[PDB]
Amino acid sequence: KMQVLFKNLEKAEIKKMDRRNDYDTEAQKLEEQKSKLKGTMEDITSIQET
Amino acid sequence: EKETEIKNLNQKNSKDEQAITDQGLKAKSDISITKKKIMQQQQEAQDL
Amino acid sequence: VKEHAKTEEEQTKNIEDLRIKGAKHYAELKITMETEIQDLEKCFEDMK
Amino acid sequence: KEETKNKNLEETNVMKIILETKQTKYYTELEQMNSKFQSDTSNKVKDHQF
Amino acid sequence: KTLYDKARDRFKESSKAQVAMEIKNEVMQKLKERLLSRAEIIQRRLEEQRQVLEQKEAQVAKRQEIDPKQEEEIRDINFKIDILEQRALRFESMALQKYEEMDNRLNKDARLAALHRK
Amino acid sequence: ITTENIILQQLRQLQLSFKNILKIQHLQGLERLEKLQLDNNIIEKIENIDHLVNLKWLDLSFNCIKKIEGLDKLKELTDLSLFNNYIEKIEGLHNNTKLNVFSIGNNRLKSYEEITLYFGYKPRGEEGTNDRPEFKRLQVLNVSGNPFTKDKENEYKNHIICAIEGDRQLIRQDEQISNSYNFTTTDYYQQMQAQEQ
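Numbers given to residues start from 1 along each chain, in the order its sequence is written, and need not follow the entry; residues that have no coordinates are not shown. To label them, take the chains in the order written and letter them from A, then take the ligands in the order written and number them from 1. Each value listed here was derived from the chains shown, which are themselves a piece of a larger assembly. Where side-chain values are given, they derive from all heavy atoms of the structure, hydrogens and water being excluded.

Observations regarding the pattern of salt bridges
Right, on to step 1. In what follows, salt bridge is the name for a side-chain nitrogen of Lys or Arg lying within 4 Å of a carboxyl oxygen of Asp or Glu. Evaluated as defined, the whole model comprises 22 salt bridges over all chains.
Right, on to step 2. When the shortest N-O distance is used, the salt bridge between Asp22 of chain A and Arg19 of chain A registers 3.0 Å. Residue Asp22 of chain A and its partner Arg19 of chain A are both found in helix α2 (residues 17-34); the two are separated by three residues, about one turn of the helix.
Right, on to step 3. Each of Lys2 and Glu3 of chain B together with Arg45 of chain E takes part in salt bridges that share partners, so that together they form one network. Numbered from the N terminus, helices here are DSSP runs of H or I no shorter than four residues, and strands are runs of E no shorter than two.

Listed below in structure tokens is the structure:
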């Protein structure tokens, strides 16, 4: 039982793809939100020239 | 003496078993570093 | 060879029923709350 | 496993966070005028008995 | 780096103060944990033996016929209780002995030698 | 765009709910109707749609309707619904064996075995010539809200599933009703495959 419980720690520490997948989805949303600022900047500049 | 050494050793068995088991879940430490970056990115997205 | 073959087959099957259960959980709780919403009106005009 | 359950439970959580507040908002009016009635006609009824 | 290379290189490689306070305290605390845990084990066994004795004596009293077998088992339980108590006392003795012994042994460690500097 | 000459006979999808329609007529030229929606009204009879054999997704539910008919030639029926009506049998659908999807809920039924009869399943002690499944592809099956369906719940689910949507396997997981049948769903798969071949 000691070794069975010892080994579980290493894999858990090394691999956390569940939380890194949540992180990946959040990063996808982050990058989706970010470029909207540049898009609105372009539209604002065109409207300002007009 | 037989049964007393048995009980002593078995209590040691359980003590070490759970003392090892608790640490493994603390791989949620690395998981929490990942979720720290999670919260940083989430904060940064709403910023823009 | 067979180890990994049936490992991946079983892994896919496991993902199958996990999704079944979770998705139906989501859909049915959505149905429950939707019924709540759809019935959360009325009782005011009649009383007044 | 946890990844797959993550999407299911997160859809559940999002639908919950969205729809439950509906049930929160609905009912604030019905009690108001009803309790207002329960006090207003008390004197009329008491005189109707006296 | 081929598997043959791996085997041959494995063959070749086979052929070829403040911290001491903390270490002392850690060793002392673990030894105290071990000795105490054994002490409460012996004590809890005293209580369990007394519980068995109480139930057996209650059964004997309920059986108006004073069963010689029941009384023999009761005396076995009593002897177990007494021997467990004797071991509990002896174990407190050599457990304080072990605590002092391990503290003394850690105090004189060469890697812990900086401790005596103060 | 309401093309002025929207042909009177170019109809595939029809939806006339909440008009409280009672009868079906003037559907000549609408035989190409594949998705029909006429539920939630006073309708009680299935008629003048049978010649609309194109009808695959047909709903005539939650009405005063009381019988299943005209679908025999509406074999192409795929999503058949007659919910909240007064139907008490799965009739005319023997020629709707194409129907994978059936709803007869909140009708006035008394048993589920009508649907299972479409699968080579018949109750013990009955002599029948339907040794071959009818609703071979019928995996969508709801009877919720019927008199018997409200009666000692999950019985019809278990028996229909073992004789016939992950609920299907979750219900095959039932031990005793599973024992109530012997012709398993996997055996049904192999029978279907061999018969097709």
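Don't stop here, the text continues.
Notes on unusual backbone geometry
Most peptide bonds take the trans form, and the phi angle of most residues other than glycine is negative.
All names here are of chain F.
Right, on to step 1. Unlike most non-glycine residues, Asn48 shows phi in positive territory, near 55°.
Right, on to step 2. At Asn154, a position not held by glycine, the phi torsion is positive, near 75°.
Right, on to step 3. Exposed residues in this analysis have more than 50% of their type's maximum accessible area, buried residues have under 20%, and partly exposed residues fall in between, with area computed by a 1.4 Å probe over protein chains only. Accessibility expressed as a relative area gives 36% for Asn154, which makes it partly exposed.

Digging into the interface of chain A and chain B
Right, on to step 1. Counting residues at the interface gives 18 residues for chain A and 21 residues for chain B.
Right, on to step 2. Summed over both partners, the accessible area lost on bringing two parts together, with a 1.4 Å probe, is the buried area. Taking both partners together, chain A and chain B bury about 2,000 Å²; carbon and sulfur atoms supply 72% of that area.
Right, on to step 3. Of all residues in chain A, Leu5, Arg19 and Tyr23 of chain A bury the most surface against chain B, accounting for 29% of the area lost on that side.
Right, on to step 4. At the boundary of chain A and chain B, one finds zero salt bridges.
Right, on to step 5. Under this definition, polar contacts are N or O atom pairs within 3.5 Å; protein pairs additionally need one hydrogen-donor-capable and one acceptor-capable atom, and for neighbouring residues in sequence, both atoms have to be side-chain atoms. Counting across the chain A and chain B interface gives one residue pair in polar contact.
Right, on to step 6. Secondary structure elements with two or more residues in the side of chain A that touches chain B: α1 (2-14) and α2 of chain A.
Right, on to step 7. At nine residues, the largest contribution of residues to the side of chain A that touches chain B is made by α2 of chain A.
Right, on to step 8. Residue composition of the side of chain A that touches chain B, by class: nine nonpolar, one polar and eight charged. By the convention used here, residues are in contact when the closest approach between their heavy atoms is within 4.5 Å. Only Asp, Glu, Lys and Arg are considered charged in this grouping, and only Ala, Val, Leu, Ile, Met, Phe, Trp, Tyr, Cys and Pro are considered nonpolar; every other residue, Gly among them, is considered polar.

Observations regarding helix α3 (residues 68-107) of chain E
Residues and elements named next belong to chain E.
Right, on to step 1. Expected helix span is taken as 1.5 Å per residue step, with the number of steps being one fewer than the number of residues. Counted at 1.5 Å a residue, the expected span for α3 with its 40 residues is 58 Å, and the 57 Å between its end C-alpha atoms agrees.
Right, on to step 2. For α3, the full list of buried residues reads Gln70, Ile74, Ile77, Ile81, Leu84, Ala88, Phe91, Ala95, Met102, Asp103, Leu106 and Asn107.
Right, on to step 3. Where α3 begins, the side chain of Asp67 points an oxygen toward the backbone nitrogen of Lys69, at a separation of 3.1 Å.

Description of the UniProt feature "coiled-coil region" (unreviewed entry) in chain E
Right, on to step 1. UniProt positions are given in the numbering used here, feature names are shortened, and annotations may be inferred rather than shown by experiment. Mapped onto this numbering, the UniProt entry gives "coiled-coil region" (unreviewed entry) at residues 32-66 of chain E.
Right, on to step 2. The distance from the first to the last C-alpha atom of residues 32-66 of chain E is 46 Å, and the span holds 89% helix and 0% strand.

A few points about the environment of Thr97 of chain F
Residue and element names in this part refer to chain F.
Right, on to step 1. Within the secondary structure, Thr97 sits in the loop between β4 (79-81) and β5 (101-103).
Right, on to step 2. With a relative accessible area of 16%, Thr97 lands in the buried category.
Right, on to step 3. For the pair formed by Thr97 and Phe135, sequence separation is 38 residues and the distance between their alpha carbons is 4.3 Å.
Right, on to step 4. The residues contacting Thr97, other than those within four sequence positions of it, are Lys75, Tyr118, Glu134, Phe135 and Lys136.

Let's talk about the packing of α2 of chain A against helix α2 (residues 28-47) of chain B
Right, on to step 1. Helix axes are fitted only over the stretch in contact, all axes being lines through C-alpha atoms; the angle between N-to-C directions runs from 0 to 180 degrees. Here α2 of chain A crosses α2 of chain B at 15°, and the two axes come no closer than 9 Å. Here α2 of chain B runs roughly parallel to α2 of chain A, going by the angle between their axes. For the crossing formed where α2 of chain A meets α2 of chain B, the hand is left-handed. Of the residues in α2 of chain B, those touching α2 of chain A at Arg19, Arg20, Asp22, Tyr23, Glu26, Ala27, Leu30, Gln33 and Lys34 of chain A are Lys28, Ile31, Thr34, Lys35, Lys37, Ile38, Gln41, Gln42, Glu44 and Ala45 of chain B.
Right, on to step 2. The class makeup of the residues in the contact of α2 of chain A with α2 of chain B is six nonpolar, four polar and nine charged. Oblique is the label for any angle not under 35 degrees, not over 145, and not in the 65 to 115 range, which are roughly parallel, roughly antiparallel and roughly perpendicular in turn. Note: crossing handedness is left-handed where the near helix turns anticlockwise from the far helix by less than a right angle, and right-handed where it turns clockwise.

Overview of the nonpolar core
Right, on to step 1. Judged by nonpolar contacts, the single largest core of 46 residues is most densely connected at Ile49, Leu93 and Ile115 of chain F.
Right, on to step 2. Ranked by residues supplied to this core, first place goes to helix α2 (residues 155-162) of chain F with three residues.
Right, on to step 3. Contacts of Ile49 of chain F, omitting those with residues within four sequence positions, involve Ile24, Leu27, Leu36, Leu55, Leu58, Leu60, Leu71 and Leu74 of chain F.
Right, on to step 4. The set of buried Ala, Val, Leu, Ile, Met, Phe, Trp, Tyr and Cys residues whose side-chain atoms join them within 4.5 Å is what this entry labels a nonpolar core. In terms of nonpolar packing, the next biggest core, distinct from the first, is built from 19 residues, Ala20, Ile42, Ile77 and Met102 of chain E among them.

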